[PDB]
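Right, one structure below, let's go through it.
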Amino acid sequence: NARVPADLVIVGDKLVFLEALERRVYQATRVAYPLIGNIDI
Amino acid sequence: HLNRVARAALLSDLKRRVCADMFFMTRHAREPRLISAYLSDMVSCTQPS
Amino acid sequence: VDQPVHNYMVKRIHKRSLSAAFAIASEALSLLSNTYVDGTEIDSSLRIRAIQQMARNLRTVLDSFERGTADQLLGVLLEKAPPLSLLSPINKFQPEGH
Amino acid sequence: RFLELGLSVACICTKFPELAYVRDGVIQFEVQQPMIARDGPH
């Protein structure tokens with residue numbers, strides 16, 4: 001295994017990664033960062 | 001690679017940034033959990049070099 | 001009187017792929033092929049520059065696949081997930097089924 | 001003073017006092033940008 005810097009938040013009873021990959025990946029470029037979808041009302 | 005929906009509304013969404021929040025200090029002598037909502041989100045923000 | 005049940009499920013794989021492009025200009029290609037070398041220093045510098053450009057490109061065309069697998073996973077996971085606002089009441093307010 | 005206060009570290013030590021026997025600076029630096037493609041037929 002290898003040590004890696006990342007943030008881990010405990011919610012409820014489960015330790016989950018809290019990844020917001022917009023900086024390392026999808027950056028300064030031409031790819032659609034998902035999670036910005038649209039809704040129709 | 002956007003079309004005429006983002007900047008033809010550059011004056012219809014941004015000029016939001018033409019109607020709410022503002023120049024700090026001293027009429028409402030009375031509020032700490034948003035004065036740092038453009039103070040605690042304008043100082044440190046994005047991409048590296 | 002109830003009798004126990006067994007369930008069998010079968011799922012099939014789905015195929016995708018990833019690609020990236022990588023070009024070298026005719027100038028650089030001719031320098032690299034060592035066809036028109038004059039055996040002088042002035043072309044050694046140009047050939048080294050062409051090699052460095054090949055490097056500075058092949059680098060990231062290959063780094064690209066690693067940085068793209070993440071995009072693929074996000075795509076499939078977004079396509080996969082039903083909304084919380086509908087999944088939550090289904091599994092809480094309803095115990096078993098039918 | 002101009003050591004122990006602050007009124008300077010955001011600059012860079014590089015060199016010309018007598019300046020302008022130096023004509024001439026149009027000085028710059030690139031950015032490379034790498035391979036994006038998405039996932040999907042785009």
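Each chain in the structure tokens gets a letter, A, B, ..., in the order shown, and its residues are numbered from 1; ligands are numbered from 1 in order too.
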> Got a sec to pull out which chain A residues are within 10 Å of chain C, counting only C-alpha atoms, and send them as a PyMOL selection string?
Replying inline: chain A and resi 21+24-26+31-35+37
> Among segment 18-48 of chain B, which ones does DSSP place in helix (DSSP H, G or I), written as a PyMOL selection string?
Replying inline: chain B and resi 35-38
>> Show me, as number ranges by chain, every residue of chain D with an atom at most 12 Å from chain B, counting only C-alpha atoms.
In response: D: 30-32, 42
Write a file of the selected residues as a PDB file, in the first residue's frame, keeping N, CA and C atoms.
```pdb
ATOM      1  N   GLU D  30       5.193  29.877 -21.847  1.00  0.00           N
ATOM      2  CA  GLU D  30       4.044  29.213 -22.436  1.00  0.00           C
ATOM      3  C   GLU D  30       3.110  28.682 -21.374  1.00  0.00           C
ATOM      4  N   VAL D  31       2.081  27.993 -21.836  1.00  0.00           N
ATOM      5  CA  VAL D  31       1.459  26.884 -21.137  1.00  0.00           C
ATOM      6  C   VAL D  31       1.272  25.808 -22.188  1.00  0.00           C
ATOM      7  N   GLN D  32       1.540  24.556 -21.840  1.00  0.00           N
ATOM      8  CA  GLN D  32       1.210  23.485 -22.764  1.00  0.00           C
ATOM      9  C   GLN D  32      -0.181  23.012 -22.403  1.00  0.00           C
ATOM     10  N   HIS D  42     -17.791  12.698 -28.799  1.00  0.00           N
ATOM     11  CA  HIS D  42     -17.773  14.152 -28.886  1.00  0.00           C
ATOM     12  C   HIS D  42     -16.453  14.630 -29.488  1.00  0.00           C
TER      13      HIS D  42
END
```
Cut-off 8 Å: closest chain A/chain B atom pairs per residue, using only C-alpha atoms, as CSV:
```
residue,atom,partner,partner_atom,distance
A:23,CA,B:47,CA,6.2
A:27,CA,B:47,CA,7.6
A:28,CA,B:47,CA,7.8
A:30,CA,B:1,CA,7.6
```
>> Excluding residue 19 of chain A and its own-chain neighbours fewer than 3 positions away, which residues fall within 9 Å of it when counting only C-alpha atoms? Please give them as a ChimeraX atom specification.
In response: /A:6-8
Would you output that residue set with N, CA and C atoms, as a PDB file, in the first residue's frame?
```
ATOM      1  N   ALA A   6      -5.597  12.603   1.000  1.00  0.00           N
ATOM      2  CA  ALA A   6      -6.981  12.822   0.614  1.00  0.00           C
ATOM      3  C   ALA A   6      -7.796  12.996   1.882  1.00  0.00           C
ATOM      4  N   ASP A   7      -8.938  13.659   1.755  1.00  0.00           N
ATOM      5  CA  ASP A   7      -9.775  13.959   2.907  1.00  0.00           C
ATOM      6  C   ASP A   7     -10.885  12.927   3.075  1.00  0.00           C
ATOM      7  N   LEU A   8     -11.046  12.445   4.300  1.00  0.00           N
ATOM      8  CA  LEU A   8     -12.009  11.403   4.621  1.00  0.00           C
ATOM      9  C   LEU A   8     -12.911  11.923   5.728  1.00  0.00           C
TER      10      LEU A   8
END
```
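The neighbours of segment 33-45 of chain B here are the residues that come within 9 Å of it, using only C-alpha atoms and leaving out any residue fewer than 5 positions away in the same chain; they are residues 21, 22 and 24 of chain B.
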